[PDB]
Amino acid sequence: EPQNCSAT
Amino acid sequence: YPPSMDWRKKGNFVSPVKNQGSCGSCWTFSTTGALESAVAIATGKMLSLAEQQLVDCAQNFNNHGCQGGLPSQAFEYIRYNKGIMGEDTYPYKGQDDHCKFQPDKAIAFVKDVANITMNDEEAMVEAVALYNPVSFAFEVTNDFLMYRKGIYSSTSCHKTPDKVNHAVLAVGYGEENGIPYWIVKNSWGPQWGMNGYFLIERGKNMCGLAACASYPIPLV
Ligand SMILES: *[C@@H]1O[C@H](CO)[C@@H](O[C@@H]2O[C@H](CO)[C@@H](O[C@@H]3O[C@H](CO)[C@@H](O)[C@H](O)[C@@H]3O)[C@H](O)[C@H]2NC(C)=O)[C@H](O)[C@H]1NC(C)=O
């Protein structure tokens, strides 16, 4: 499952 | 795994420290940094890839030029886009612009992208020890903005995916009198930190550094 990260 | 690693020592695998200027494009320097090392490790060729291309062209992958992005997304972009040009053909301007990608000028390519399991720092250690320098994102607080040298350790930062706000590149690791750390390359110029690098405590998912890490597998 892909990375649902805040925009870094 | 091994007690310490440093890709800069293994050979000419880590490119010089760069400067994102006033644009929040660290995610792009973390991306090029990871891909430059991968290509050099696999072929021995040392290239300098265009971060500006990512700033102007990677919007289809949820990236936002000077407003942010994620290395894994940028790796996928390069992959589907079939290439990234060198710094000498698509110069870093440091501001959001219009995409000027030329397919005939692409010099580095991505086959696949490996996403480290969320919060799996050990897996991150293996990737750095065995395969390539790793791109990761972490939460930067005021505590960190005061950094000069040494092993950064803080109680103010969070370790959650929605808090990470800066993208950097793990080039190795080691320990000092029992305190394990990571050797990290930044893109704020060579006059920042330790010649452009910084050490941060390893083993505690410090500032969420294992929340969103990835590295590319190049097409060579
Ligand atoms: C690692 O994490 C990244 C970021 O979440 C994941 O990126 C996504 O990768 C998929 C392919 O697995 C991309 O889909 C493809 O998009 C292109 C362009 O739209 C399209 O032509 C293809 O048919 C396909 O749909 C997707 O764009 C990309 N998402 C983002 C936001 O970049 C990646 O899947 C993860 N890898 C693994 C192994 O989990």
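Sequential numbering from 1, following the chain as shown.
Method on record in the header is X-ray crystallography, 2.1 Å.
Heads up, the Cβ atoms here are built off N, Cα and C, so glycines get one too.
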From B:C57, B:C66, partner that Swiss-Prot gives for the disulfide involving B:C99: B:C57
Second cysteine of the disulfide that Swiss-Prot assigns to B:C66, among B:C23, B:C26: B:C23
B:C157 - recorded disulfide partner, Swiss-Prot, among B:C207, B:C212: B:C207
Among B:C23, B:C57, B:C99, B:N115, B:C157, B:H166 (the recorded positions), residues with Cβ under 8 Å to chain A, listed in sequence order: B:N115, B:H166
Annotated recorded positions B:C66, B:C157, B:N186, filtered by Cβ under 6 Å to ligand 1: none
B:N115 (N-linked glycosylation site) to B:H166 (active site) - Cα separation in whole Å: 17
Secondary structure at B:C99 (disulfide bond), reduced by DSSP to three states: coil
Cα separation, B:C23 (disulfide bond) to B:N186 (active site) (Å, whole number): 14
Cβ-based isolation winner (fewest other Cβ atoms within 10 Å) among the disulfide-bonded residues B:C66, B:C99, B:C207: B:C99
